[PDB]
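**Q** My questions will all concern the structure given below.
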Amino acid sequence: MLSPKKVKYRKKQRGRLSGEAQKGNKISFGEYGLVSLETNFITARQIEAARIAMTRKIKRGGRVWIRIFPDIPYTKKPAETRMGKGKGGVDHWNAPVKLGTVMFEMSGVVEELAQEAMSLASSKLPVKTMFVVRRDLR
Amino acid sequence: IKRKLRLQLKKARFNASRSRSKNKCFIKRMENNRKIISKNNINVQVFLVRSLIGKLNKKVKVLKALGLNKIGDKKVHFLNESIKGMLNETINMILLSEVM
Amino acid sequence: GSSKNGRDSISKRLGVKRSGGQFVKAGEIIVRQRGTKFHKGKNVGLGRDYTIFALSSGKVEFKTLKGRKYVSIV
RNA sequence: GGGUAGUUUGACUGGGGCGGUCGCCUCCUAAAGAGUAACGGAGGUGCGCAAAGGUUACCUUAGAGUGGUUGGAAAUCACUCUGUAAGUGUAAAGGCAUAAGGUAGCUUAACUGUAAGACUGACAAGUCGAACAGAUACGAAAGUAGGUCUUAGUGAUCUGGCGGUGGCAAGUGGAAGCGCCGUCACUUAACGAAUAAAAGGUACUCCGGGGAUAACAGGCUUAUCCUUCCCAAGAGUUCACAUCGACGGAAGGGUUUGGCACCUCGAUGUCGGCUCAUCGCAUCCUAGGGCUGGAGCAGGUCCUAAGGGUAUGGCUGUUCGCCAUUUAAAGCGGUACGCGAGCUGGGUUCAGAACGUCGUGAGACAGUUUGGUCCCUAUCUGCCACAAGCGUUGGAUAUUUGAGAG
RNA sequence: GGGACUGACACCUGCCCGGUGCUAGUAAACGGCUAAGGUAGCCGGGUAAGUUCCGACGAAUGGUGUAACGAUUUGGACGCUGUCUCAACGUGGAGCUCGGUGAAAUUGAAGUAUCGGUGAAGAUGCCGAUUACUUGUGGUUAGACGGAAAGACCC
RNA sequence: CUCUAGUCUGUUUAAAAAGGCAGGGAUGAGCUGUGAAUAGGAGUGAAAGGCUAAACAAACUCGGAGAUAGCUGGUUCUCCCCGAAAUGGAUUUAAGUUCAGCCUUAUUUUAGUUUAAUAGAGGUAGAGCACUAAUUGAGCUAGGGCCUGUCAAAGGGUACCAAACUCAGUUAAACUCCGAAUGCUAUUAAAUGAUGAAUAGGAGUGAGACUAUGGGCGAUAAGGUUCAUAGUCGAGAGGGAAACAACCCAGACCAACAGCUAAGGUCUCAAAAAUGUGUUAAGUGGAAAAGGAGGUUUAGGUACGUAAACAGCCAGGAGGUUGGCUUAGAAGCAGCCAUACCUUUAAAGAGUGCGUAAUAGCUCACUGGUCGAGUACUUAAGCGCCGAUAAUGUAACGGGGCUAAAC
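Protein chains in written order, with the deposited numbering: chain O, 1 to 138; chain b, 2 to 101; chain Y, 8 to 81.
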């Protein structure tokens with residue numbers, strides 16, 4: 001998995017996440033990107049499922065960059081309890097994504113194969129996506 | 002049908018059931034009011050056309066400072082910066098005509 | 008498994024007590040603070056707990072120098 | 001000295017109990033004055049210091065790089081870069097280059113009588129404070145000093161003790177005692193403290209009330225549960241999709257276990273069984289199909305379809321489950337987990353008794369076994385049937401077309 | 001004579017004096033088993049099919065057997081049967097009609113229909129829609145969160 | 001003659017504890033008549049918290065006594081004026097009570113509040129990486145490990161584990177080099193007329209709820225819990241949302257068979273509309289996800305063309321060469337490397353699919369004719385389709401109905 005190896009505080013308050021993305025919204029390290037069309041949370045584990053999909057589809061053609069790291073605990077109270085004590089315990093990790101986050105970046109392979117692989121990745125994420133070529137190079 | 006969804010739906014339908022003709026009348030009134038307010042140092046007659054019930058506390062205080070307590074209230078005021086600011090605050094609830 | 012914590016002190020009501028430009032007479036408290044968030048300028052004094060108070064009647068004013076705020080009576 | 005009598009044994013609590021907590025300080029939550037809840041998320045604390053205080057004077061780290069017996073990455077020293085990230089008794093925050101950091105000398109203001117004018121505040125309280133008088137300390141002097149860089153280190157009133165002062169002195173004069181000033185003795189920590197002095201059970205219970213507060217149901221949500229769907233890496237000899245479809249994603253159903261405490265405590269009778277059904281289709285079988293790694297037969301998967309049918313016994317109070325014979329097949333759910341003003345009381349959920357365990361005991365235990373009242377003549381609505389009156393346009397007597405319904 | 005304990009009878013009834021009672025001792029005392037760690041003893045059959053039953057904790061608040069006894073509890077067998085598949089018929093007292101006498105609890109009233117919805121969140125009274133000539137009697141309780149008992153359970 | 005296991009009737013019964021069937025005792029711890037003795041914190045009890053005049057976890061009567069209740073219920077004629085709170089602090093307090101705040105009466109006093117200008121302090125949103133932390137790809141490089149002429153000496157290769165450093169790109173309520181918009185505070189001038197303040201008298205409240213926003217907790221679930229701003233109900237009639245305290249419009253002194261309007265509508269039920277330009281064929285309208293998808297309107301790109309584009313049809317679709325092999329067999333089609341194999345080149349891929357043990361064979365991409373201009377793949381916006389699915393009866397426009405009477 002993907003998860004931070006040390007935290008100042010184990011639990012943090014669930015904010016309201018809203019607005020488009022004003023940063024991390026441009027293709028930087030690669031050729032093709034997987035932008036999101038929603039604002040939501042992507043778990044670490046869906047992240048690695050999409051990463052397997054892309055990497056396995058790509059027969060050594062190129063490289064894959066993951067532009068999000070979860071670093072947000074998601075707590076869940078024990079199964080059968082009431083509303084009493086408080087802030088149960090970390091269960092899994094979430095990453096925040098907003099409308100316009102690049103979220104995934106690919107290098108090396110032909111555009112057709114990249115589009116296929118990256119629809120194969122989008123099939124496993126909880127948000128609508130769009131595949132973008134640099135739109136300023138080819 | 003689940004109550005959460007039906008309440009959301011009923012509210013959305015009520016909100017969306019507004020008439021474009023009424024909206025156009027309101028837009029025309031707003032344009033007229035802004036045009037009048039854009040002037041400077043004229044006597045303007047202010048009618049109150051929307052009630053005070055349910056509005057914000059600050060805006061009720063502004064209207065009572067202008068002198069309007071009821072719908073159908075008539076007050077003549079001399080446009081300076083103070084009155085211009087009050088009118089801008091409460092533009093959506095007034096009708097401005099000009100006193101030649 | 009109850010809550011390990013839940014403990015808070017009484018709020019101390021710090022902050023600026025007289026706003027810049029207000030008229031004060033001798034001995035007024037202007038700022039309550041921990042530490043010199045605001046430093047002392049002309050005609051004011053600093054208490055043992057960094058309170059800012061007015062040594063004479065006048066009008067409060069805040070100035071800024073090198074990024075530090077100074078309180079004075081003019 | 002429970003032989004006997006009078007009493008105590010707290011509250012908050014997402015029911016109660018158990019558990020945990022109760023004063024105060026620092027930060028966030030706290031939405032840019034202040035203030036602002038929670039069993040929200042993180043720490044410290046019921047002190048220490050005669051210097052770690054006051055005053056005067058004089059000084060600046062940590063880290064990186066480089067060169068040096070021990071000495072290595074790192075001990076001490078020199079220099080370059082860096083300019084407070086170092087250090088401030090003690091937690092953290094706000095601050096501290098004029099350093100509030102460090103060193104040295106002197107010294108006790110770690111004072112008395114006081115106080116203009118304020119902040120914070122229900123009150124009681126708490127905090128800042130120029131400046132005045134006396135006596136100083138330090139410095140040449142101006143000035144500073146009414147403890148600790150600031151922000152926690154704390155406790156009212158009553159009662160009692162000690163010291164000082166000499167006001168009160170019940171006929172007078174002494175004295176006792178008291179007032180005044182200084183001041184000590186409360187984990188009164190349930191910390192604005194009901195007593196100087198305090199534990200449990202009640203299923204033998206009782207009273208006054210509450211749906212302000214639990215258990216069976218109603219209602220909300222869907223964590224959980226169940227039924228699908230989207231992507232297809234593979235398996236399937238080769239063949240992603242005959243079939244199974246790994247790792248994920250998006251929804252419905254409101255039946256399981258729960259959340260919440262909205263209806264109900266001047267009573268909504270709780271689990272099964274018997275009798276009586278009805279409805280949904282997500283179809284157990286009979287019916288009509290598509291495709292198969294479907295030869296036929298027997299299947300598997302999928303679509304449409306609720307008209308009818310969908311078993312009897314042994315065990316268990318049992319729902320469920322298991323087992324034995326069957327049948328074309330022995331479906332899944334809703335309806336107060338259908339149906340007690342229809343029946344049954346086996347179990348659950350009274351008072352008996354015994355056993356296991358815990359408690360010194362009284363007793364407690366969804367631990368076990370046995371015994372242990374199921375009330376009410378139907379007013380209306382509803383339904384199963386039979387009549388009275390009346391209409392159907394002249395009034396009656398017979399034979400019938402047929403809406404509609406079973 | 002008084003009190004406690006055990007409970008015909010048969011075989012046994014062991015260990016521990018720290019604690020608490022009683023007068024260092026006493027356990028056939030309260031009790032335990034470091035004061036002392038408990039001594040003796042305590043799958044098969046039945047049925048086509050058996051969560052039941054039968055056969056393989058603890059020692060004087062007693063352990064293990066026992067003839068006889070019991071309106072005690074549980075299992076199995078024989079006989080017998082309307083308990084059941086499965087009900088039908090008959091008899092007697094009510095119920096039914098008429099005559100005489102004549103209540104009760106309950107009761108804001110009422111020219112009180114149903115379904116789908118909404119709502120102090122299960123509608124006789126509201127919305128929409130549907131059904132229905134008027135009024136009784138004999139039956140049956142689905143409802144009126146029925147009546148009766150200021151819930152006994154929880155707080 | 002005395003008792004009551006089991007079962008039944010009865011249970012607004014004949015009986016406030018029987019009766020109908022049955023059972024136990026029945027010469028004894030026996031039944032029973034007639035007198036007497038034991039009285040309430042006591043008696044009695046072959047021992048069940050039993051009984052003691054039909055009721056006993058402390059009898060009954062009288063008196064104290066009209067005991068005390070933070071608990072519940074009730075509290076009777078009218079009109080006019082003003083008008084709450086459900087918050088904070090404390091409490092053997094949490095269903096109470098008290099102070100403040102809020103309200104009213106009377107007197108005195110006169111400057112609330114809303115702006116505009118001007119002058120003030122933030123760290124919130126946002127933003128950002130200088131600080132504290134998290135963290136991605138490269139460059140660079142200590143150190144450590146491995147390997148290599150290595151004895152544990154001095155050496156080298158670095159596939160790595162990696163401090164620090166450089167470039168680029170990210171996370172943070174308890175990080176902030178920066179920082180709003182509002183709000184808060186002061187002054188002045190206008191504007192609004194008893195809304196301020198003080199004293200005195202008298203209360204009530206100290207259970208809130210919902211909506212529009214900012215939050216925490218829960219599961220970015222709940223008509224859930226708990227805070228901040230404002231409104232509403234509470235304490236507010238009327239109109240509208242089919243019915244529907246909290247939403248929308250709107251503050252009822254009284255009367256009128258007057259008019260103009262807000263919200264909301266104008267086919268009818270049921271007071272009110274028509275004309276113009278487009279879309280919709282799904283009754284969408286008149287519920288909803290991801291996804292699938294030659295639906296269609298409009299607009300904009302990439303492929304492509306009057307020198308013959310797409311589709312169909314008529315032919316070619318080759319050879320060197322089983323491409324090299326792996327393998328037992330791969331001839332284009334178990335599988336591996338690539339097709340940096342040229343050639344006659346119409347045009348022909350180290351062959352697209354089916355099927356062959358392996359081939360064969362049948363076809364495709366490509367190309368030539370026929371015919372004759374849009375075709376072939378995407379993007380943006382407006383309506384659509386499947387997805388779409390629970391139980392008393394069509395039941396997700398109020399209904400009739402509507403192709404506009406929809407948008």
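For every residue, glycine included, the Cβ atom is placed at its ideal position computed from N, Cα and C.
(1) Determine the burial state of residue 139/O: buried for a count of at least 16 other Cβ atoms within 10 Å of its Cβ, exposed for fewer.
(2) Return the bridge partner residues of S98/b from the DSSP annotation.
(3) As a quick exercise: from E105/O, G88/O and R138/O, pick the residue whose alpha carbon is nearest that of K12/O.
(4) Could you tell me the distance, in whole angstroms, from the CA atom of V132/O to the CA atom of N94/O?
(5) In terms of residue numbering, what span does the beta strand (DSSP E) encompassing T71/Y cover?
(6) Since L49/b contacts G73/b with CB under 8 Å, what's their CB separation in whole angstroms?
(7) List the whole-angstrom C-beta distance separating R67/O from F104/O, where the pair is believed to meet the contact cut-off of C-beta under 8 Å.
(8) By Cβ distance below 8 Å, which residues in the same chain neighbour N44/b in space, the five residues on each side in sequence not counted?
(9) Which chain Y residues sit within Cβ distance under 7 Å of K77/O?
(10) Taking Cβ positions, are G30/O and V109/O nearer each other than 7 Å?
(11) Does the separation of the CB atoms of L17/O and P126/O fall below 7 Å?
(12) What does a CB cutoff of less than 8 Å around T91/b pick up in its chain, not counting 5 residues either side in sequence?
(13) Measuring CB to CB, does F60/Y end up less than 7 Å from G48/Y?
(14) Should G86/O be flagged as near chain Y, meaning a C-beta pair shorter than 7 Å?
(15) Can you give me the start and stop residues for the alpha helix (DSSP H) that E105/O sits inside?
(16) Examine chain O for any beta-carbon lying closer than 7 Å to the beta-carbon of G8/Y, and answer yes or no.
(17) Return yes when the Cβ of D91/O is within less than 7 Å of the Cβ of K76/O, no when it is not.
(18) So, helix, strand or coil for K26/O, using DSSP?
(19) Name the two residues that bound the continuous alpha helix (DSSP H) containing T55/O.
(20) Which runs of the beta strand (DSSP E) spanning at least 3 residues fall entirely within the segment 69-123 of chain O, listed in chain order?
(21) Three or more beta-carbon pairs under 8 Å between the segment 39-47 of chain Y and the segment 10-26 of chain Y, yes or no?
(22) Mind reading off the beta-carbon distance from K8/O to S10/Y? Whole number of angstroms is fine, and I expect it under 8 Å.
(23) Relative to the C-alpha of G100/O, which candidate in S3/O, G15/O, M54/O and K26/O has its C-alpha closest?
(24) So which of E82/b, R35/b, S52/b and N58/b has the shortest CA-CA distance to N70/b?
(25) Under the assumption that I80/Y contacts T58/Y (Cβ atoms under 8 Å), give the Cβ distance between them as a whole number of angstroms.
**A** Reading off the structure:
(1) Since the first residue of chain O shown is 1 and the last is 138, residue 139/O is not available in this structure.
(2) In the DSSP output, where bridge partners are listed per residue, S98/b has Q46/b.
(3) Here the closest residue by C-alpha is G88/O.
(4) Computed Cα separation, rounded: 24 Å.
(5) Segment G65 to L72, the beta strand (DSSP E) holding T71/Y.
(6) About 7 Å separates the Cβ atoms of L49/b and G73/b, confirming a contact at the 8 Å cut-off.
(7) About 6 Å separates the two Cβ atoms, so the contact holds.
(8) Closer than 8 Å at Cβ, skipping near neighbours: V77, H78, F79, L80, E99 and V100.
(9) What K77/O touches in chain Y: nothing, since even the nearest Cβ is about 11 Å away.
(10) Judged by their CB atoms, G30/O and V109/O are not nearer to each other than the 7 Å cut-off.
(11) Result no, Cβ atoms of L17/O and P126/O do not sit closer than 7 Å.
(12) The beta carbon of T91/b is closer than 8 Å to those of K60, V63, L64 and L67 in its chain, skipping five residues each way along the sequence.
(13) For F60/Y and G48/Y, no; Cβs fall outside 7 Å.
(14) Answer yes: the Cβ-Cβ gap between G86/O and chain Y drops below 7 Å somewhere.
(15) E105/O: not part of any alpha helix (DSSP H); member of the beta strand (DSSP E) spanning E105 to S107, first to last residue.
(16) Chain O contact via Cβ: present.
(17) Closer than 7 Å, so yes.
(18) Three-state DSSP puts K26/O in coil, outside helix and strand.
(19) Unbroken alpha helix (DSSP H) run through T55/O: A44 to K57.
(20) Taking only runs of at least 3 residues, the beta strand (DSSP E) segments lying wholly in the segment 69-123 of chain O are 73-75, 90-97 and 105-107.
(21) In short, these stretches touch, since the Cβ pair count reaches three.
(22) Their Cβ separation, rounded to whole angstroms, is 20 Å, which puts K8/O and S10/Y out of contact at 8 Å.
(23) The shortest C-alpha separation from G100/O is found at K26/O.
(24) Nearest C-alpha to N70/b: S52/b.
(25) With 8 Å as the limit, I80/Y and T58/Y do not qualify as a contact, their Cβ atoms being about 15 Å apart.
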